[PDB]
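One chain comes next, on its own, written out as structure tokens in the form deposited in one PDB entry.
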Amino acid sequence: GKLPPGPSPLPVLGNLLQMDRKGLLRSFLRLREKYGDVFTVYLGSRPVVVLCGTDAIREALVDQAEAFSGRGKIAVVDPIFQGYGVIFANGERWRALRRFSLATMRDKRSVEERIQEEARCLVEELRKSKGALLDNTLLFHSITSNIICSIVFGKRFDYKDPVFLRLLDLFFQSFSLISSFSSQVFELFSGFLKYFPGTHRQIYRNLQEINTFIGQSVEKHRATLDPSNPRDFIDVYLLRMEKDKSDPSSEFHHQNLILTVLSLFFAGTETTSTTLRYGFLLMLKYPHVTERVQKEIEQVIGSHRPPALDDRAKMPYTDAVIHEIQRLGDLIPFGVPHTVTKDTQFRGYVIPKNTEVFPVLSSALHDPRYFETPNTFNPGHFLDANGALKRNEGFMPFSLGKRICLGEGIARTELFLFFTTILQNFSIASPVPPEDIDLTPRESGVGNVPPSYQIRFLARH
């Protein structure tokens, strides 16, 4: 017995009265001030253990990896996934799906070359605009999704493709709704609120419309399949289904196929797109940073050949900028919920099997032990005296352990290549003066959404 300390819950409302009106994160952080780095809060009738500060998150996700390798539910999307797909699977199912998903993408065209192709495509599209004002939200969604579309469907979509844009539109307005205050209220009281209209029904329709698109893509694949030459993620999955016909315990069937594909879209598009969008807002607010990036781009890569992934090792400052963008961006602030896979002894407290655990990544990315000024943009957080890249234990935007972001490599490959290839060909400007640029996110929840802004991409001759 004895859970981490916490405020006295009510039978139904849990700790509702102890919460902050600003959000779940702001509630989590306010309770840390009173109860410390590891506490219990009751979101409704269920208890969750919240983990604050670098040291405590590492003590759980790294030191007791297996115990904290369990995935928790998110109320607004569970109806879609229902424990199927790689993100929300558990036990043997997750282990199977994740291993497959790693091994599949770990090896036609490499993921690096696909990203380079999208980079080239983006630069060509940005030249068209001829240095006019634009909101980069749409294009940043397109490129990120086009990487996943390349991995999954075995091709990419033109930026002004209407069906692509329509399904992109609805898929992305889903993240806006997921990160809303209303959806956070739904997290606590889904048991009652599910029978009533709300954001959750819209998120339901939007994700089902994509599941439907995936479903029929799977069928186009099943019908154009060449076993000798699997073109993408789906083909490899389908061939795996054939190999596991006789095995009754195989997880490689329809529901897992559909929802793993969505999972790769659901996870591998938005935050990447948002990180890039936040990136350029900071790059507008700090032209001198941008200038030493482009200076480093010039020195290492040139202005002729496109940037490649082995240039990163030779570009510590740009790498430090990217790290710092990711750190300050803080796109998944209270992380994605884990559960303990068994009864777990932790920091003198005992966490009962299947209890939900919240690794607050914001409290780690803003840890004053590891960063001088946690609230100020400073690529220097990741630079030593020699101007070399410097690992920082507080840096965990992809979380840690067995559940670490399955697509870390891909993300950082996207981030690097997109940032460098854009800034190689383009200098940036905005009608808003640097010192007048606001960084406060438009929405804050399980995802942070940076405010929308106008930007110029001016070709460099």
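Superpose the two forms; the largest set of C-alphas matching within 1.5 Å is the rigid core. Heads up: residue numbers just count along the shown sequence, starting at 1.
J.: Compared with other deposited entries of this protein, is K108 missing coordinates in at least a third of those that cover its neighbours?
T.: Yes, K108 lacks coordinates in at least a third of the other compared entries that model both of its neighbours.
J.: Among the other entries of this protein that model both neighbours of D438, is it absent from at least a third?
T.: It is not, since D438 is included in all of the other entries that model both flanking stretches.
J.: Classify the number of deposited-sequence residues missing from the model between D107 and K108: none, 1 to 3, 4 to 9, or 10 or more.
T.: 4 to 9 residues lack coordinates between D107 and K108.
J.: Taking the mean of the C-alpha B-factors per stretch from the entry, tell me the winner out of 194-202 and 364-372.
T.: Looking at the record's C-alpha B-factors, the answer is 194-202.
J.: Determine, for stretches 1-9 and 450-458, which one has the higher mean CA B-factor as deposited.
T.: That would be 1-9.
J.: Select one of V336, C149, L139, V111: the residue whose C-alpha shows the highest B-factor in the crystal structure entry.
T.: Highest C-alpha B-factor among the listed options: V111.
J.: In terms of recorded Cα temperature factor, pick the maximum from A429, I410, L423, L43.
T.: That would be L43.
J.: Once the chain's modelled residues are ordered by C-alpha B factor and cut into thirds, is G279 in the lowest, middle or highest one?
T.: It falls in the bottom third of the chain.
J.: Which third, lowest, middle or highest, does the C-alpha temperature factor of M241 belong to within its own chain?
T.: Ranked within chain, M241 CA B lands in the highest tercile.
J.: Classify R222 as lowest, middle or highest third according to the C-alpha B-factor given in the PDB entry, relative to its own chain.
T.: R222: CA B-factor falls in the middle third of its chain.
J.: Which third, lowest, middle or highest, does the C-alpha temperature factor of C405 belong to within its own chain?
T.: Lowest third - that is where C405 ends up once the chain's C-alpha B-factors are sorted.
J.: Comparing against every modelled residue in the chain, figure out the third that the C-alpha B-factor of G348 lands in (lowest, middle or highest).
T.: Tercile = highest for this residue's CA B-factor.
FYI, the form deposited in another entry isn't displayed, but the following is about it.
J.: Just one of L331, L207, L281, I297 has a CA that shifts 2 Å or more between this form and the one not shown on a core fit; which is it?
T.: One residue passes the 2 Å cut-off, namely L207.
J.: Taking the rigid core as the reference frame, is the Cα of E356 displaced by 2 Å or more between this form and the one not shown?
T.: No: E356 shifts by under 2 Å between this form and the one not shown.
J.: Does the distance between the two CA positions of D244 reach 2 Å or more between this form and the one not shown, the core being superposed?
T.: Yes: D244 shifts by at least 2 Å between this form and the one not shown.
J.: For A320, state whether the C-alpha moves by 2 Å or more between this form and the one not shown after rigid core superposition.
T.: Where the cores coincide, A320 shows only a C-alpha shift between this form and the one not shown that is less than 2 Å.
J.: Against the shown form, C-alpha atoms of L331 and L17 in the other entry: closer or farther, for a change of 3 Å or more?
T.: Closer together, by at least 3 Å.
J.: Answer with closer or farther for the CA-CA spacing of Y42 and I87 in the other entry compared to the shown form; it moves by 3 Å or more.
T.: Note: Cα gap between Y42 and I87 shrinks in the other entry.
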